[PDB]
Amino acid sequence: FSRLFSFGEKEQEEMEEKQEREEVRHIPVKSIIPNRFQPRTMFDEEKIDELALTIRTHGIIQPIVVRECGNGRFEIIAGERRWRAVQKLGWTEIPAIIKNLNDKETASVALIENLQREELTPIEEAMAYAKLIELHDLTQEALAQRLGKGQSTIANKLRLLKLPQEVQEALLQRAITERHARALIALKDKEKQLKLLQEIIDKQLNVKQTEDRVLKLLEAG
């Protein structure tokens, strides 16, 4: 499990400061494919360009991590930004380290990398945490520790899955903030959550106003 959290540039740099650099291969750029288990990533082109400028001066401080796939192709485990950066530089080859990961591990890394890079919307974060917990028979604490997060960051997200559909839909549609949905969790009752949801959208209530209305509803006998 733990090694699936360790393939990104920062963590590879940290391990390499304690030991011999892994063997590097120079793989074809044309033969690289992004992780087939994560959706198409829409990067900030601005940040890919910053990264390309850094590499064109200072080299590629870490090789990407790939597994072998298909006929002589390489699937990214870590390094999609670097791969994108060296295309801007016109490279035909990129330094890489090859790891044998099975599909379940490659799928796990897809979720983990998406969590670490702070990509995901709240419900996406929730679904990713839920799946890593189910796949690996994990504690919320055990997962939070491995992600370098507080147990509450996980729980706040996992609880959004226990909310009713209408509230989840409102959060996904950005009709309410997460902190709105969070406060509605305290009501622990679908009917009250739905009535107060309609109020939030109709009167365009903020977080303070919603939290107050949740306390006043829970203060009732």
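Residue positions are given as counts along the sequence shown, with the first one as 1.
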Check the entry's C-alpha temperature factors for 146-154 and 72-80, then say which stretch has the higher mean.
146-154
The stretch whose C-alpha atoms carry the larger average B-factor in the entry, 193-201 or 7-15, is 193-201
Per the PDB entry, maximal CA B factor within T41, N35, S31, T54
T41
Just say lowest, middle or highest third for the CA B-factor of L101 relative to the other modelled residues in its chain.
lowest
In terms of the CA temperature factor given in the entry, to which third of its chain does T92 belong: lowest, middle or highest?
lowest
Quick tally, chain-level thirds of C-alpha B-factors: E166 sits in the highest
Ranked by Cα temperature factor within the chain, is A107 in the lowest third, the middle third or the highest third?
lowest
Which third of the chain does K47 land in by C-alpha B-factor: lowest, middle or highest?
middle
